[PDB]
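The data below hold one chain only, encoded as structure tokens and taken in the form deposited in one PDB entry.
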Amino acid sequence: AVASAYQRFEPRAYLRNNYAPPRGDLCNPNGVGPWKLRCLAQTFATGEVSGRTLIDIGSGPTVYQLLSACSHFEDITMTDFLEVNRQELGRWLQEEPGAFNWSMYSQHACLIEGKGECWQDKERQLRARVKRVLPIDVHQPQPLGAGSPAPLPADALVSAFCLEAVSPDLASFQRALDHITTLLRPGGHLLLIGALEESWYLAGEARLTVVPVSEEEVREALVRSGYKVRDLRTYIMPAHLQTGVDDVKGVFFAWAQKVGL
């Protein structure tokens, strides 16, 4: 019944707690922002994660997870359980009034990528390759998509801070991973980002209860769902980024491959 709590979920409050200074201050490489974008950039740069279609699970109201990604997939599908978020994304996609400012992220994605690309061009490419923003439920065996417009099976998947924050225990987590794994074409690629050993986090009036997992549980979960863990790293949250919006211990990045056998 996490969904009950997600009802009071305030996108703007979420964005302010996680993507605005101090966490959203991308000057200083020892930060989470830099590190997350770095993991993403380095993985795609290997040019092994490629194709035509891509799906972002539980996008929430953020876009940074697709910045380096868009350069490799012409058809990008963003998703999220809450409508308030799907709406929040739209303000940025359609450049509506009061959309969130991802300038800094776009810029650092461009710095890290080193293609001499300007942020305006990248944001333009992301907004372009994002075809639709569909509603999704990782808890359903067929992720809120009975006959979804999304091209299936996707050639790759990306998820940042979703699963751990939607499931109440390690088992839900595992099943949710299985669910989404079904959307991934065999031999496909998965880029998983999430909170390590986190139990709760605020988002306005909402107070989400989440499953504290470990780099090892996640790895196992990945292997159990039928993946070849290509890369798995962990960033330890510094004291300075430990504000009172949650109790994260660290953050993990996972590059997994749907092993086709």
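Residue positions are given as counts along the sequence shown, with the first one as 1. We call the rigid core whatever largest set of C-alpha positions still superposes within 1.5 Å between the two forms.
Participant: Identify the stretch, either 65 to 73 or 32 to 40, whose C-alpha atoms have the larger mean B-factor according to the entry.
Facilitator: For C-alpha atoms only, the mean B-factor is higher in 65 to 73.
Participant: If you take the mean CA temperature factor per stretch, which one wins between 140 to 148 and 98 to 106?
Facilitator: Looking at the recorded C-alpha B-factors, 140 to 148 comes out higher on average.
Participant: Specify which of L89, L126, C118, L177 carries the largest Cα B factor in the deposited PDB entry.
Facilitator: If I rank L89, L126, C118, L177 by C-alpha B-factor, first place goes to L177.
Participant: If you check the C-alpha B-factor for each of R230, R219, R233, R52 in the entry, which is highest?
Facilitator: Out of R230, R219, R233, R52, the record gives the largest C-alpha B-factor to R52.
Participant: Sorting the chain's modelled residues by C-alpha B-factor, tell me whether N85 ends up in the lowest, middle or highest third.
Facilitator: Middle third.
Participant: By the record's CA B-factor, is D169 among the lowest, middle or highest third of residues in the chain?
Facilitator: Highest third.
Participant: When the modelled residues of the chain are sorted by Cα temperature factor, does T46 land in the lowest, middle or highest third?
Facilitator: It falls in the middle third of the chain.
Participant: Going by the entry, which third of its chain does the Cα temperature factor of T209 land in?
Facilitator: For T209, whose C-alpha B-factor we compare with every modelled residue in the chain, the answer is the highest third.
Participant: State the tercile, meaning the lowest, middle or highest third, of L191 with respect to the CA B-factors recorded for its chain.
Facilitator: Middle third, going by the recorded CA B-factors of the chain.
Only in words, not in the display: the form deposited in another entry, which the text now covers.
Participant: Quick one: lay the two forms over each other on the core and tell me which of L208, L26, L196, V229 moves its CA by at least 2 angstroms between this form and the one not shown.
Facilitator: Between the two forms, the residue that moves is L208.
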